[PDB]
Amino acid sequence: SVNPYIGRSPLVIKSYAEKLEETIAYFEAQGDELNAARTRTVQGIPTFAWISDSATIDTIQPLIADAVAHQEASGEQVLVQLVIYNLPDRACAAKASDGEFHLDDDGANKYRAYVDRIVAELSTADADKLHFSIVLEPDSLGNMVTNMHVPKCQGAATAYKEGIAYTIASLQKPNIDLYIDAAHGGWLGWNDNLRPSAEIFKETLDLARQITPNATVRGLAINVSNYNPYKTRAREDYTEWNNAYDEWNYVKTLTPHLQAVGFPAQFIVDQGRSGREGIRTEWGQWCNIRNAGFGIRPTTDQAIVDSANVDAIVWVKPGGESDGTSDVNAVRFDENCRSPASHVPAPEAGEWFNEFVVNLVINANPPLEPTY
């Protein structure tokens, strides 16, 4: 097992760069050339492509063809970053991100078939030429640690573990590295959550190993779709008593608990919306947090990373894609999307939220260098 980020160039997602044209246009219409040019810089920053429904499976081969073309032109070894995000009864403790599969409508079997489709796409001759970094199921197993009081979560616990296990077991290839989602310091970093978190990650890996002998993963992904700083420049009161008060400290805090259960303690850390601290009044505010800024750009530089346990800082959640609708009539309306810290109005989860990414650019830290 080696750090897949070393010696590779993570792929820029063209479809995301294209959505940013709307942001560029907004800045140009305001006569704001600096921020338009900064948005152009963002178009060239690698992000993760989310396979958040069955239809999106159809983007994988075009992405692979694009990556193979770029690899052969540039001579760089490309790293394609994907998220698998379609568990049945998905995101059980909120409403914002409910998906297409439901346990009461053959969802477990449908999830398996969805995974099988992805595996086939990742098994082509072109796929063989590439390497993949894959985050598995954000906002899943953390719910088994803290949210079992929520009926949907209690009902989905087995399906989450078995689903992720099937995914792990199905993606054992020399050119794929897997990272299981591990929430963020404000959720699973509290002292009493550390051991059961480590245990459920190991339980899930062991289930995978019952399907595919010797199945492994690279490690964990943390802070996916959240806002926590890597290293805080002002510790917030809501983090007191939690040793995982920034994501660098979450890594330090969780690592020995992973080691205790024989789970690999290697991490990738989302910093795509982490540039601006101090934008929340409570740690559990997650939905479209107003004035979020783009954070530390994707990097493996140990001068910044400062941890042998961290493979890379990455951008997993693509800034500008909504966390959830603020429309109170919507089936997927979640009250968290109208928290005192939320940017309202906001469109459905995953849909483009131009005003939000306008603010991500303005609030970026370090500031974005313009590409004029």
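So that there is no doubt, residue numbering starts at 1 and follows the sequence shown.
*Which has higher Cα B-factors on average according to the PDB entry: 312 to 320 or 329 to 337?*
Higher mean C-alpha B-factor: 329 to 337.
*For the stretches 181 to 189 and 155 to 163, which has the higher mean C-alpha B-factor as given in the deposited record?*
According to the PDB entry, the answer is 155 to 163.
*Which one, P229, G284, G272, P138, has the peak C-alpha temperature factor per the PDB entry?*
Highest C-alpha B-factor among the listed residues goes to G284.
*Could you tell me which one of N86, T212, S133, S225 shows the highest CA temperature factor in the PDB record?*
Result of the comparison over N86, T212, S133, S225: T212.
*How does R117 rank on Cα B-factor within its chain, lowest, middle or highest third?*
Lowest third, going by the recorded CA B-factors of the chain.
*Name the third of the chain's ranked CA B-factors that contains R218, choosing lowest, middle or highest.*
It falls in the bottom third of the chain.
*asked:* Per the entry's values, where does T299 land by CA temperature factor relative to the rest of its chain, in the lowest, middle or highest third?
replied: Its C-alpha B-factor belongs to the lowest third of this chain's values.
_Third assignment of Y245 from its chain's C-alpha B-factors_ = Middle third of the chain for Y245's C-alpha B-factor.
_By the recorded C-alpha temperature factor, relative to the other modelled residues in its chain, which third is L63 in?_
Answer is highest: the recorded C-alpha B-factor places it there.
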